[PDB]
Amino acid sequence: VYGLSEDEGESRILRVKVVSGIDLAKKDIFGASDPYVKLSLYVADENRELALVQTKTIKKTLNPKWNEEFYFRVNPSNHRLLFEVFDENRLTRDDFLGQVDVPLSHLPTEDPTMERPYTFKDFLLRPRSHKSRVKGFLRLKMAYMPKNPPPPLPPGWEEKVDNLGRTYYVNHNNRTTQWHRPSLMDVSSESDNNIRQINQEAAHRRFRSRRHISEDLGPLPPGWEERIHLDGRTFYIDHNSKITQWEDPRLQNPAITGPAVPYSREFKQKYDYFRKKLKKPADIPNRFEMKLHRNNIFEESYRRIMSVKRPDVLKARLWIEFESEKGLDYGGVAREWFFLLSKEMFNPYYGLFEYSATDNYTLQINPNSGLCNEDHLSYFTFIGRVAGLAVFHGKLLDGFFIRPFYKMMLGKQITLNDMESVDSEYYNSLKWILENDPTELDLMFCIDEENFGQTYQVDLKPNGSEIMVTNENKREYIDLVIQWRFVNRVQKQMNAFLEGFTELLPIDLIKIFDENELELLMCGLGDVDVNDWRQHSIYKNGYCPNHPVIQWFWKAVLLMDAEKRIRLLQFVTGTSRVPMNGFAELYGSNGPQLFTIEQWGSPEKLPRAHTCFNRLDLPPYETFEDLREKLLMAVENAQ
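According to PDB author numbering, the sequence shown holds residues 9 to 156, 191 to 258, 527 to 949 in order.
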């Protein structure tokens, strides 16, 4: 009844009713919006906010009908109202749907049940800034019962927006990409020398602190591996599925028997078999001399490597020399080159790669790489050679990618759950269609793409626009949307990348690993500190730092070795790296988000993790021996 009204002085009572929204603008496809109206009563001259309320959110409706009332005790000579229609379902894209500002000097006074019921008034929505697409009208009923510009960026800078809806600033002087808005003062006299150089050294120290995995009569069919346990009885284990057998699967399969030994996914033993399979092809010049300059580490390297006709030359020993450096190749130049070059290759400035929707560290192939760069297919082949060169020589790369990126190299099928790390907004809406009935959304097997402000209609399947999606065909709809959004739009780049990668390593030799272990092959194991990790965790749904289960969980993490802890870190946070400062700066889907442990489900169920919020759903296990048994399975099995 109060409705955040005012009192004292001298004023009148104004009743404002929000009726409905008409033809609200759409931002995401599927028409999935949760509009809500925020009402702010403020003072025009003072620009001071006095009252703020909001209306209940109406989910999945482009024309909602709130039909709610509020009251304010203010004078019509100094106060104004601002009704802003926002969205809830948006995670990365802006959720501003419109705004209307109304004065009070010209509002009629009429108490209810006195005169004829006045109709509903319509107000046109307006954008808050230039980068705000709004459309439609808001429905208001206001009465009085009582008788009684973008700031200029510094030169050499421009503001861009990626396909995920976020805004990042690009500098054309130092060729660097940053998220925070640049300051008016360039101060490019001390910042570069005393911050960039220090940060370069700080990043270089971390890069040297990551240890490689190996720092501790035909071929088998792809995915298989041969090992020798005790008693010397050689056995074969199929990493595809989880089966293992004594018999040789090299077309010597007249009978199927699988007693063997219990499955043991040993990452170290995978690499040892992998290393024994690489070969030096015939006669190669046992040297590879490159004279590179640090300022042009990317252009000079690209010309040299891509000028090699036969890739077999790359397999010889690397001999990298920089100008004015009279040193020796004691692993201090080959590894340095793979670090300096890694910054240029995996740089969103060039448009080849962009950051993911789950954090600001992982990288994904930019779908618009063809527009940004005319030679995108050429560079990705070059990246394939360099990435394939590091694995062959056992070096490390300073670049991490999303999980679906490693699936494509292994040639796996991308499912719905793989889009969680690509487009978070798409993943939530698509998963909603999978569970709930999409009948109310009135979706068709067609898509509407906007190019340069021009809306065009695209048919997912023939006669798509005349086919309605329902509870039966929804799974067909989900797969086509995945193909149209992610798989098909980065397939051309991935094939170009894989062509270069296979020029050094056969693709059948890399399918032994999975999408989690393959990341640690090219990047190397990190240094995860549990003491810092434990101090920066958040417990929800009744869990407390003194809870017996939480004590049992952290005791299990300590017992795990170096490899298992990183796999747990990949399982929850979605990546194998921690921020430079530490675990206090973990980033979620829509900003910073600390590691979270939540009580969920029943004791028999396995733990689940949501990479968007670094959240682990840990069921309340009765005993520590039971918790550790199932925690290891969830980390090792779930990928």
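All C-beta atoms, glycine included, are put in the ideal place defined by N, C-alpha and C.
task: Could you tell me how far apart the beta carbons of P714 and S731 are, in whole angstroms, since I believe they sit closer than 8 Å?
output: Rounded to whole angstroms, the Cβ separation of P714 and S731 is 7 Å, and the two are in contact under 8 Å.
message: Helix, strand or coil, according to DSSP, for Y583 in the structure here?
response: DSSP places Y583 in helix when its eight states are reduced to three.
task: Starting from residue 2, trace the alpha helix (DSSP H) both ways and give me its first and last residue.
output: Residue 2 is absent from the model: the chain starts at 9 and stops at 949.
field: Contained alpha helix (DSSP H) runs [length at least 4] in the stretch 617-649, N- to C-terminal order
entry: DSSP runs (the alpha helix (DSSP H)) wholly in the stretch 617-649: none.
field: Simplified DSSP assignment, three categories, for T883
entry: Three-state DSSP puts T883 in a helix.
query: Around the Cβ of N826, are there at least 16 other Cβ atoms within 10 angstroms (buried) or fewer (exposed)?
result: By the neighbour-count definition (other C-beta atoms within 10 Å, threshold 16), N826 is a buried residue.
Nonlocal neighbours in the same chain, by C-beta distance under 7 Å from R136, ignoring five residues either side: Within the same chain, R136 has close Cβ partners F104, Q107.
task: Look up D818 in the DSSP assignment and say whether it is helix, strand or coil.
output: Looking at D818 - three-state DSSP - the assignment turns out to be helix.
- prompt: Where do the ends of the alpha helix (DSSP H) carrying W843 lie?
  reply: Segment 840-845, the alpha helix (DSSP H) holding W843.
- request: Spatial neighbours of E610 within its chain, please: CB distance less than 7 Å, with the 5 preceding and 5 following residues excluded, ordered by chain position.
  value: For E610, where only same-chain residues beyond five positions count, the Cβ hits under 7 Å are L602, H603.
Whole-angstrom C-beta distance between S666 and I712, which should lie under 8 Å: The beta-carbon separation of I712 and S666, rounded to 5 Å, stays under the 8 Å limit for a contact.
Contact set for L58: own chain, Cβ-Cβ below 8 Å, skip 5 residues either direction: Result list for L58: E14, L49, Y50, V51, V82, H87, in chain order.
field: Validate contact between the stretch 844-854 and the stretch 814-824 using beta carbons, cut 8 Å, 3 pairs
entry: Result no; under three Cβ-Cβ pairs closer than 8 Å.
- prompt: Does the count of Cβ pairs from the stretch 824-839 and the stretch 880-900 closer than 8 Å reach three?
  reply: These segments touch.
message: Can you look up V571 in the DSSP assignment and give me helix, strand or coil?
response: Residue state, collapsed to three classes: coil.
- prompt: Contact check, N924 vs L904 under 8 Å by CB: the rounded distance?
  reply: Right, the Cβ-Cβ distance comes to about 7 Å (below 8 Å), so this counts as a contact.
task: Assess, as a yes-or-no matter, whether the stretch 23-30 is touched by the stretch 69-85 under the definition of 3 or more beta carbon pairs within less than 8 Å.
output: They touch, by the three-pair rule.
task: Kindly give me the distance between the Cβ atoms of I907 and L937, rounded to whole angstroms, as I take these residues to be in contact under 8 Å.
output: Going by Cβ atoms, the distance from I907 to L937 rounds to 12 Å, so no, they are not a contact pair.
query: Should the stretch 199-217 be regarded as contacting the stretch 149-156, the criterion being three or more beta carbon pairs within less than 8 Å?
result: Judged by Cβ distances under 8 Å, the stretch 199-217 makes no contact with the stretch 149-156, as fewer than three pairs qualify.
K741 versus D752, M729, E750, residue with shortest Cα-Cα distance: Considering only alpha carbons, the answer is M729.
- prompt: Between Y583, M718, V45, which lies nearest to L530 when the distance is taken from Cα to Cα?
  reply: Taking only the C-alpha atoms, the option nearest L530 is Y583.
message: Could you compute how far the alpha carbon of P930 sits from the alpha carbon of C756?
response: Between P930 and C756, the C-alpha separation is close to 45 Å.
message: I'd like the list of long-range same chain contacts for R918, defined as Cβ closer than 6 Å, with 5 residues on each side in sequence excluded.
response: Setting aside the 5 residues that flank it on each side, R918 is surrounded in the same chain by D927, each with a C-beta closer than 6 Å to its C-beta; the list follows chain order.
- request: Give every residue of the same chain whose Cβ lies closer than 7 Å to the Cβ of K587, excluding the five residues on either side of it in the sequence, and list them in chain order.
  value: Excluding positions up to five away in sequence, the list reads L819.
query: Which residues share a DSSP beta bridge with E730?
result: Answer by DSSP bridge pairing: none, since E730 is not bridged.
Closest by C-alpha distance to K155, when choosing among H857, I21, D871: Distances from the CA of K155 to each of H857, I21, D871 were compared; the closest alpha carbon is that of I21.
field: Distance, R799 Cα to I792 Cα
entry: Between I792 and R799, the C-alpha separation is close to 10 Å.
Spatial distance of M943 from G661 (CA atoms): Each residue's CA atom was taken as its position, placing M943 and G661 some 39 Å apart.
task: Answer yes or no: do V696 and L651 have a C-beta to C-beta separation smaller than 8 Å?
output: With contacts defined by Cβ atoms closer than 8 Å, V696 and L651 form a contacting pair.
- request: Could you check what DSSP says for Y79 in three-state terms: helix, strand or coil?
  value: In this structure, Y79 counts as strand in the three-state DSSP scheme.
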